[PDB]
>>> print(open('query_28.cif').read())   # mmCIF, C-alpha atoms
data_my_file
loop_
_atom_site.label_atom_id
_atom_site.label_comp_id
_atom_site.auth_asym_id
_atom_site.auth_seq_id
_atom_site.Cartn_x
_atom_site.Cartn_y
_atom_site.Cartn_z
CA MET A 1 0.00 0.00 0.00
CA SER A 2 1.36 3.38 -1.11
CA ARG A 3 1.38 6.57 0.97
CA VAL A 4 0.80 9.08 -1.83
CA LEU A 5 1.35 12.85 -1.57
CA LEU A 6 -0.76 15.21 -3.69
CA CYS A 7 0.21 18.86 -3.98
CA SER A 8 -0.46 22.10 -5.83
CA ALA A 9 2.68 24.16 -6.50
CA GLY A 10 3.01 27.77 -7.62
CA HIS A 11 6.03 30.02 -8.14
CA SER A 12 7.49 29.06 -4.75
CA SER A 13 8.29 25.41 -5.51
CA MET A 14 9.97 24.98 -2.10
CA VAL A 15 6.62 23.89 -0.61
CA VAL A 16 6.95 20.31 -1.93
CA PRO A 17 10.36 19.60 -0.30
CA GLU A 18 8.69 20.82 2.92
CA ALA A 19 5.54 18.67 2.69
CA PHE A 20 7.51 15.45 2.15
CA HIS A 21 9.48 15.99 5.39
CA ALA A 22 6.37 16.90 7.42
CA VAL A 23 5.34 13.21 7.57
CA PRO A 24 8.16 11.38 9.38
CA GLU A 25 7.95 7.92 7.80
CA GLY A 26 8.30 9.33 4.29
CA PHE A 27 6.24 8.74 1.14
CA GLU A 28 6.12 6.50 -1.91
CA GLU A 29 4.37 8.56 -4.59
CA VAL A 30 4.63 12.34 -4.90
CA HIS A 31 2.43 14.04 -7.49
CA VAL A 32 2.33 17.80 -8.06
CA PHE A 33 -0.39 19.72 -9.91
CA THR A 34 0.81 23.10 -11.21
CA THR A 35 -0.17 25.55 -13.92
CA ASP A 36 1.80 25.93 -17.15
CA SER A 37 3.13 29.25 -15.84
CA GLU A 38 6.74 29.92 -16.78
CA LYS A 39 7.24 31.05 -13.16
CA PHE A 40 7.05 27.37 -12.18
CA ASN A 41 10.59 26.18 -11.48
CA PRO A 42 10.91 22.43 -12.24
CA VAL A 43 14.61 22.39 -11.37
CA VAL A 44 14.37 22.86 -7.57
CA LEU A 45 12.19 19.73 -7.47
CA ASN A 46 14.08 17.57 -9.99
CA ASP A 47 17.29 17.98 -7.97
CA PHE A 48 15.51 17.00 -4.74
CA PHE A 49 13.78 13.77 -5.82
CA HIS A 50 16.76 12.62 -7.88
CA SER A 51 18.33 11.98 -4.46
CA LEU A 52 15.28 9.88 -3.48
CA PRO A 53 14.77 7.53 -6.45
CA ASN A 54 12.64 5.29 -4.21
CA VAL A 55 9.92 7.95 -4.66
CA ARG A 56 7.89 7.75 -7.87
CA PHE A 57 7.74 11.47 -8.62
CA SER A 58 5.50 13.27 -11.12
CA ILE A 59 4.57 16.79 -12.24
CA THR A 60 1.42 17.49 -14.25
CA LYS A 61 1.33 20.82 -16.05
CA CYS A 62 -2.09 22.07 -17.08
CA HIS A 63 -1.10 23.04 -20.60
CA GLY A 64 -2.72 26.29 -21.68
CA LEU A 65 -3.41 27.81 -18.25
CA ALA A 66 -0.99 30.11 -16.43
CA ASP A 67 -2.78 32.50 -14.05
CA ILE A 68 -6.32 31.90 -12.81
CA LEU A 69 -7.70 35.41 -13.29
CA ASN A 70 -11.46 35.23 -13.94
CA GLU A 71 -14.43 32.91 -13.43
CA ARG A 72 -13.89 30.81 -16.57
CA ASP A 73 -10.25 30.05 -15.72
CA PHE A 74 -11.25 28.71 -12.30
CA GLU A 75 -14.02 26.62 -13.86
CA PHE A 76 -11.30 25.36 -16.19
CA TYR A 77 -8.90 24.88 -13.26
CA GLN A 78 -11.16 23.22 -10.67
CA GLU A 79 -12.31 20.64 -13.22
CA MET A 80 -8.75 19.84 -14.31
CA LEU A 81 -7.59 19.59 -10.69
CA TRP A 82 -10.53 17.39 -9.71
CA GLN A 83 -9.75 15.00 -12.58
CA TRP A 84 -6.06 14.78 -11.65
CA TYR A 85 -7.07 14.03 -8.05
CA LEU A 86 -9.11 10.90 -8.79
CA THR A 87 -6.42 9.39 -11.02
CA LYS A 88 -3.34 9.92 -8.84
CA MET A 89 -5.40 8.83 -5.83
CA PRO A 90 -4.35 5.33 -4.69
CA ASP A 91 -6.83 2.54 -5.26
CA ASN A 92 -6.83 0.99 -1.76
CA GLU A 93 -5.98 4.16 0.18
CA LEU A 94 -6.81 7.79 0.73
CA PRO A 95 -3.91 10.15 -0.06
CA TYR A 96 -2.01 12.74 1.94
CA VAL A 97 -2.87 16.21 0.62
CA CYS A 98 -0.98 19.49 1.07
CA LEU A 99 -2.89 22.77 0.71
CA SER A 100 0.08 25.13 0.93
CA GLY A 101 1.16 25.92 -2.62
CA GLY A 102 -0.38 28.05 -5.34
CA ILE A 103 -2.81 30.93 -4.86
CA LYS A 104 -5.73 30.84 -2.44
CA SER A 105 -8.22 29.92 -5.18
CA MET A 106 -6.02 26.93 -6.02
CA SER A 107 -5.99 25.78 -2.39
CA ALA A 108 -9.69 26.03 -1.51
CA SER A 109 -10.77 23.98 -4.54
CA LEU A 110 -8.26 21.36 -3.34
CA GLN A 111 -9.89 21.33 0.09
CA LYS A 112 -13.14 20.39 -1.66
CA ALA A 113 -11.63 17.46 -3.58
CA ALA A 114 -10.21 15.95 -0.38
CA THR A 115 -13.61 16.26 1.30
CA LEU A 116 -15.42 14.89 -1.78
CA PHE A 117 -12.94 12.11 -2.66
CA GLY A 118 -11.36 11.37 0.74
CA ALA A 119 -7.95 12.19 2.24
CA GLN A 120 -5.95 10.32 4.87
CA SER A 121 -4.74 13.59 6.43
CA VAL A 122 -5.40 16.97 4.85
CA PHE A 123 -2.56 19.10 6.17
CA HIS A 124 -1.03 22.56 5.89
CA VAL A 125 2.64 23.47 6.29
CA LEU A 126 3.96 26.65 7.95
CA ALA A 127 7.49 28.04 8.23
CA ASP A 128 9.12 30.84 10.19
CA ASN A 129 11.46 32.60 7.70
CA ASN A 130 10.34 31.00 4.38
CA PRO A 131 13.18 28.76 3.12
CA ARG A 132 14.25 29.55 -0.44
CA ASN A 133 16.59 26.63 -1.26
CA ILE A 134 17.45 23.15 -0.02
CA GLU A 135 20.03 24.16 2.60
CA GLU A 136 17.72 26.81 4.06
CA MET A 137 14.93 24.27 4.46
CA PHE A 138 17.35 21.65 5.78
CA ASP A 139 18.94 23.88 8.43
CA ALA A 140 15.51 25.30 9.32
CA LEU A 141 14.25 21.74 9.70
CA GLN A 142 17.24 21.21 12.00
CA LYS A 143 16.46 24.04 14.45
CA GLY A 144 12.78 23.08 14.70
CA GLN A 145 11.39 25.99 12.67
CA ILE A 146 8.82 24.26 10.44
CA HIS A 147 5.49 23.30 12.00
CA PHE A 148 2.95 20.99 10.37
CA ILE A 149 -0.73 21.94 10.64
CA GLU A 150 -3.03 18.92 10.39
CA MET A 151 -6.72 19.53 9.64
CA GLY A 152 -8.14 16.01 9.90
CA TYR A 153 -9.08 12.74 8.16
CA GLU A 154 -11.63 13.05 5.31
CA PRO A 155 -13.92 10.04 4.72
CA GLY A 156 -14.95 11.09 1.22
CA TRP A 157 -17.49 9.26 -0.94
CA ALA A 158 -16.84 5.71 -2.13
CA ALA A 159 -19.38 6.32 -4.89
CA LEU A 160 -17.63 9.50 -6.05
CA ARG A 161 -14.29 7.67 -6.22
CA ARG A 162 -15.69 5.28 -8.85
CA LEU A 163 -15.81 8.26 -11.24
CA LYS A 164 -12.23 7.46 -12.28
CA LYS A 165 -13.72 4.44 -14.09
CA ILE A 166 -15.56 6.89 -16.37
CA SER B 2 -30.96 39.32 6.54
CA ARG B 3 -27.97 38.68 4.27
CA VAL B 4 -24.80 38.40 6.38
CA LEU B 5 -21.20 38.57 5.16
CA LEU B 6 -18.53 36.84 7.25
CA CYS B 7 -14.87 37.46 6.44
CA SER B 8 -11.46 36.48 7.69
CA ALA B 9 -9.12 39.46 7.53
CA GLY B 10 -5.42 39.99 8.12
CA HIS B 11 -2.82 42.28 6.60
CA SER B 12 -4.46 43.33 3.32
CA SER B 13 -7.60 44.95 4.73
CA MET B 14 -9.08 45.82 1.33
CA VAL B 15 -10.63 42.37 0.73
CA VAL B 16 -13.69 43.24 2.85
CA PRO B 17 -14.97 46.31 0.93
CA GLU B 18 -14.35 44.33 -2.26
CA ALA B 19 -16.38 41.44 -0.84
CA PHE B 20 -19.09 43.98 -0.01
CA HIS B 21 -19.48 45.02 -3.67
CA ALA B 22 -19.19 41.57 -5.30
CA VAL B 23 -22.80 40.81 -4.25
CA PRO B 24 -24.98 43.22 -6.26
CA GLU B 25 -27.66 44.09 -3.71
CA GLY B 26 -25.34 44.85 -0.78
CA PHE B 27 -25.18 43.49 2.75
CA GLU B 28 -27.14 44.55 5.82
CA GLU B 29 -24.59 42.98 8.18
CA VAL B 30 -20.82 42.58 8.04
CA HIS B 31 -18.73 40.71 10.60
CA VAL B 32 -14.94 40.40 10.53
CA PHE B 33 -12.87 37.87 12.52
CA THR B 34 -9.23 38.95 12.93
CA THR B 35 -6.37 38.32 15.31
CA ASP B 36 -4.96 40.96 17.65
CA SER B 37 -2.15 41.59 15.17
CA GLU B 38 -0.38 44.92 14.93
CA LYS B 39 -0.23 44.81 11.13
CA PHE B 40 -4.02 44.52 10.81
CA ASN B 41 -5.06 48.04 9.85
CA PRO B 42 -8.70 48.49 10.96
CA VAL B 43 -8.74 52.09 9.77
CA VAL B 44 -9.32 51.70 6.02
CA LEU B 45 -12.16 49.23 6.68
CA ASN B 46 -13.92 51.42 9.23
CA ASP B 47 -13.53 54.55 7.08
CA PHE B 48 -15.39 52.75 4.30
CA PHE B 49 -17.96 51.24 6.66
CA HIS B 50 -18.71 54.59 8.31
CA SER B 51 -19.65 56.21 4.99
CA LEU B 52 -22.34 53.48 4.79
CA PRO B 53 -24.42 54.09 7.94
CA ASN B 54 -27.28 51.75 6.95
CA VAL B 55 -25.16 48.67 7.77
CA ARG B 56 -24.03 46.96 10.98
CA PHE B 57 -20.28 46.31 11.09
CA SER B 58 -18.52 44.36 13.85
CA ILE B 59 -14.87 43.34 13.95
CA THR B 60 -14.03 40.77 16.65
CA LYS B 61 -10.33 40.61 17.54
CA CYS B 62 -8.94 37.27 18.71
CA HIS B 63 -7.63 38.55 22.04
CA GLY B 64 -4.22 37.03 22.69
CA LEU B 65 -3.37 35.57 19.29
CA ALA B 66 -1.09 37.77 17.18
CA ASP B 67 -0.01 35.03 14.74
CA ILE B 68 -0.69 31.35 14.14
CA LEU B 69 2.66 29.55 14.18
CA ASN B 70 2.29 25.97 15.47
CA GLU B 71 -0.47 23.37 15.61
CA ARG B 72 -1.52 24.63 19.06
CA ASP B 73 -2.12 28.19 17.80
CA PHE B 74 -4.29 27.04 14.89
CA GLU B 75 -6.51 24.97 17.20
CA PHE B 76 -7.09 28.04 19.36
CA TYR B 77 -7.87 29.98 16.18
CA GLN B 78 -10.17 27.32 14.73
CA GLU B 79 -12.24 26.84 17.88
CA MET B 80 -12.68 30.60 18.29
CA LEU B 81 -13.62 30.87 14.61
CA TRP B 82 -16.40 28.29 14.66
CA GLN B 83 -18.07 29.83 17.70
CA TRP B 84 -17.93 33.24 15.99
CA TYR B 85 -19.25 31.62 12.82
CA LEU B 86 -22.13 30.21 14.89
CA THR B 87 -22.42 33.48 16.81
CA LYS B 88 -22.77 35.74 13.76
CA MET B 89 -24.77 33.27 11.66
CA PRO B 90 -28.40 34.38 11.24
CA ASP B 91 -31.23 32.46 12.87
CA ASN B 92 -33.24 31.85 9.68
CA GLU B 93 -30.80 32.47 6.82
CA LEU B 94 -27.31 31.25 5.84
CA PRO B 95 -24.40 33.70 5.63
CA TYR B 96 -22.16 34.78 2.77
CA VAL B 97 -18.59 33.63 3.43
CA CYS B 98 -15.54 35.25 1.83
CA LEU B 99 -12.29 33.24 1.86
CA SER B 100 -10.17 36.15 0.59
CA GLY B 101 -8.48 37.64 3.67
CA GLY B 102 -6.18 36.08 6.22
CA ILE B 103 -3.69 33.27 5.70
CA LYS B 104 -4.34 29.91 4.05
CA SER B 105 -5.13 28.12 7.33
CA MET B 106 -7.46 30.99 8.26
CA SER B 107 -9.36 30.45 4.99
CA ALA B 108 -9.34 26.64 4.89
CA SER B 109 -10.86 26.61 8.40
CA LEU B 110 -13.48 29.23 7.54
CA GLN B 111 -14.01 26.94 4.54
CA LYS B 112 -14.70 23.97 6.84
CA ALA B 113 -16.88 26.09 9.14
CA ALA B 114 -19.29 26.72 6.26
CA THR B 115 -19.53 23.07 5.22
CA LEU B 116 -20.33 22.08 8.81
CA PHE B 117 -22.94 24.77 9.51
CA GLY B 118 -24.04 26.09 6.13
CA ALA B 119 -23.18 29.06 3.94
CA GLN B 120 -25.41 30.77 1.39
CA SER B 121 -22.32 31.27 -0.77
CA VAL B 122 -18.70 30.41 -0.07
CA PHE B 123 -17.02 32.81 -2.49
CA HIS B 124 -13.54 34.22 -2.96
CA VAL B 125 -12.93 37.72 -4.32
CA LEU B 126 -10.04 38.15 -6.78
CA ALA B 127 -8.59 41.44 -8.09
CA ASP B 128 -5.82 42.45 -10.51
CA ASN B 129 -3.57 45.22 -9.18
CA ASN B 130 -4.02 44.60 -5.42
CA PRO B 131 -6.07 47.74 -4.62
CA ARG B 132 -4.24 49.64 -1.89
CA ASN B 133 -7.03 52.03 -0.90
CA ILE B 134 -10.61 53.13 -1.52
CA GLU B 135 -10.18 55.28 -4.62
CA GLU B 136 -8.13 52.56 -6.34
CA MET B 137 -10.72 49.87 -5.59
CA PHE B 138 -13.69 51.92 -6.81
CA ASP B 139 -11.66 52.56 -9.95
CA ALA B 140 -10.88 48.84 -10.18
CA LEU B 141 -14.57 47.96 -9.77
CA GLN B 142 -15.32 50.52 -12.47
CA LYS B 143 -12.84 49.26 -15.10
CA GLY B 144 -14.17 45.72 -14.53
CA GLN B 145 -11.13 44.23 -12.81
CA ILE B 146 -12.47 42.76 -9.54
CA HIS B 147 -13.78 39.20 -9.90
CA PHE B 148 -16.47 37.50 -7.80
CA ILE B 149 -15.45 33.82 -7.71
CA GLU B 150 -18.28 31.98 -6.02
CA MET B 151 -17.45 28.41 -5.05
CA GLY B 152 -20.84 26.93 -4.12
CA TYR B 153 -23.76 26.66 -1.73
CA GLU B 154 -22.85 24.50 1.26
CA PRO B 155 -26.13 23.27 2.81
CA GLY B 156 -24.60 22.59 6.21
CA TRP B 157 -26.14 20.47 8.94
CA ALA B 158 -29.00 21.58 11.18
CA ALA B 159 -27.96 18.77 13.54
CA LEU B 160 -24.75 20.80 13.96
CA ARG B 161 -26.48 24.20 13.93
CA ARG B 162 -28.39 23.24 17.08
CA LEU B 163 -24.97 23.07 18.74
CA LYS B 164 -25.04 26.84 19.26
CA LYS B 165 -27.54 26.06 22.06
CA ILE B 166 -24.86 24.61 24.36
#
>>> encode(input="query_28.cif", output="structure tokens")
Amino acid sequence: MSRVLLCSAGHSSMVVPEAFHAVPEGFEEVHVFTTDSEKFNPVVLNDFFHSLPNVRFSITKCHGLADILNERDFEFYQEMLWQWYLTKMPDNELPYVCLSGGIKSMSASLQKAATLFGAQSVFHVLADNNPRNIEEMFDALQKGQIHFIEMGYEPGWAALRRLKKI
Amino acid sequence: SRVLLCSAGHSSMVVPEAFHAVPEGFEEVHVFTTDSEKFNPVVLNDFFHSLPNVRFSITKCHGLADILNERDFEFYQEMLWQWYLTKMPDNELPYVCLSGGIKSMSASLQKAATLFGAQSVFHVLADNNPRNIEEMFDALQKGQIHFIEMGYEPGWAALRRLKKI
């Protein structure tokens, strides 16, 4: 059984190296849903998981969306997010979800998917001085200056999880 | 009565934007903020005094300046859900704006709605980050502020009776 980590990442890609450490045992899968904004930095994350090859790592770009700016873009975003969530979800398990990255309209639609499709532990990650690279986040992990905010198990809907068959 | 409930933090201007993103206006407004120093109540009040046909009530979380660890969020959350059940109408469901505050302020106000009900969980989005009143009324006027509703949350009457303990 696979402890899977689902995330939304924005410009600040450092949030994913911080959500993988916030669960002590570790993780198996790590999937990241981001926009096709050129401000997304794939490099900070492809250096980090290339030192953990026991972690099946993935990044989905929503081709053709960059900045959610009006009502149609969010209707286009929410739907694309909600699809990605059912697929990357494990088949025998609820996933671990991180609400930290992106903009606020990215993160509240992700709260709804976890409540609608289930989530082992919806959680939020806070930091004291905002680490910008891997050393900063490693030495700030070392002095106890990253706290993990848990929000609680989400039972979801077994019926609504069958939607990935259609 | 249509009620508007808003988390607020550093950028105060989300609340007068949330006021105008519902065409008819609001009779009540209630803000739930920490006792931060950065929270500027002055721009809000200056707007909400020019509109004397409304009832405005900020409620400062007395003691909390910032949420930093899992203990400070659980103080925040429990004080938020009382206030959400305090300021909720008796017969109608409130309008909830997830625009101000931090992300754990908004995801908990998010939950609050789903547990108790919310006529409309919405989230106001702008373009240039309006710094003041004249800028916002010019933003509203050039068609740059966006009302992103997210959905009616019917809530649970079996949990709304909980205000009576």
>>> interface_residues(input="query_28.cif", of="chain A", to="chain B", cutoff="6 Å", atoms="all atoms listed in the file", output="number ranges by chain")
A: 71, 147, 149
>>> axis_aligned_box(input="query_28.cif", around="stretch 92-109 of chain A", padding_each_side="6 Å", output="AutoDock Vina command-line options")
--center_x -4.8 --center_y 16.0 --center_z -2.0 --size_x 23.9 --size_y 41.9 --size_z 20.0
>>> atom_distance(input="query_28.cif", atom1="atom CA of residue A:26", atom2="atom CA of residue A:78")
28.2 Å
>>> closest_residue(input="query_28.cif", among="A:145, A:136, A:110, A:12", to="residue A:82", atoms="all atoms listed in the file")
A:110
>>> resolve_selection(input="query_28.cif", expression="the PyMOL selection byres ((chain A and resi 91) around 12)", output="PyMOL selection string")
chain A and resi 1-4+85-90+92-95+117-118+158+161-162+164-165
>>> residues_around(input="query_28.cif", residues="residue B:45", least_positions_apart="3", cutoff="10 Å", atoms="only C-alpha atoms", output="ChimeraX atom specification")
/B:13-17,41-42,48-50,57,59,133-134
>>> resolve_selection(input="query_28.cif", expression="the PyMOL selection byres ((chain A and resi 47) around 12)", output="ChimeraX atom specification")
/A:13-14,17,41-46,48-53,57,133-134
>>> residues_around(input="query_28.cif", residues="stretch 101-103 of chain A", least_positions_apart="3", cutoff="6 Å", atoms="all atoms listed in the file", output="PyMOL selection string")
chain A and resi 8-10+106
>>> write_last_selection(input="query_28.cif", atoms="C-alpha atoms", output="short mmCIF file (atom, residue, chain, number, x, y, z; two decimals), in the frame of the given file")
data_model
loop_
_atom_site.label_atom_id
_atom_site.label_comp_id
_atom_site.auth_asym_id
_atom_site.auth_seq_id
_atom_site.Cartn_x
_atom_site.Cartn_y
_atom_site.Cartn_z
CA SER A 8 -0.46 22.10 -5.83
CA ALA A 9 2.68 24.16 -6.50
CA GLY A 10 3.01 27.77 -7.62
CA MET A 106 -6.02 26.93 -6.02
#
>>> resolve_selection(input="query_28.cif", expression="the PyMOL selection byres ((chain A and resi 66) around 6)", output="mmCIF file with C-alpha atoms, in the coordinates of the input")
data_model
loop_
_atom_site.group_PDB
_atom_site.id
_atom_site.type_symbol
_atom_site.label_atom_id
_atom_site.label_comp_id
_atom_site.auth_asym_id
_atom_site.auth_seq_id
_atom_site.Cartn_x
_atom_site.Cartn_y
_atom_site.Cartn_z
ATOM 1 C CA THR A 35 -0.170 25.550 -13.920
ATOM 2 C CA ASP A 36 1.800 25.930 -17.150
ATOM 3 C CA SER A 37 3.130 29.250 -15.840
ATOM 4 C CA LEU A 65 -3.410 27.810 -18.250
ATOM 5 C CA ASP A 67 -2.780 32.500 -14.050
#
>>> residues_around(input="query_28.cif", residues="residue B:28", least_positions_apart="5", cutoff="8 Å", atoms="all atoms listed in the file", output="MDAnalysis selection string")
chainID B and resid 2:4 54:56
>>> atom_distance(input="query_28.cif", atom1="atom CA of residue B:62", atom2="atom CA of residue B:35")
4.4 Å
>>> atom_distance(input="query_28.cif", atom1="atom CA of residue B:110", atom2="atom CA of residue A:163")
28.2 Å
>>> residues_near_point(input="query_28.cif", point="(-1.3, 39.4, 15.0)", cutoff="8 Å", atoms="only C-alpha atoms", output="ChimeraX atom specification")
/B:35-40,65-67
>>> residues_around(input="query_28.cif", residues="stretch 153-165 of chain B", least_positions_apart="3", cutoff="10 Å", atoms="only C-alpha atoms", output="JSON, numbers by chain")
{"B": [82, 83, 85, 86, 87, 89, 91, 94, 96, 111, 112, 113, 114, 115, 116, 117, 118, 119, 120, 121, 122, 123, 150]}
>>> residues_around(input="query_28.cif", residues="residue A:150", least_positions_apart="2", cutoff="8 Å", atoms="all atoms listed in the file", output="JSON, numbers by chain")
{"A": [121, 122, 123, 124, 148, 152], "B": [71]}
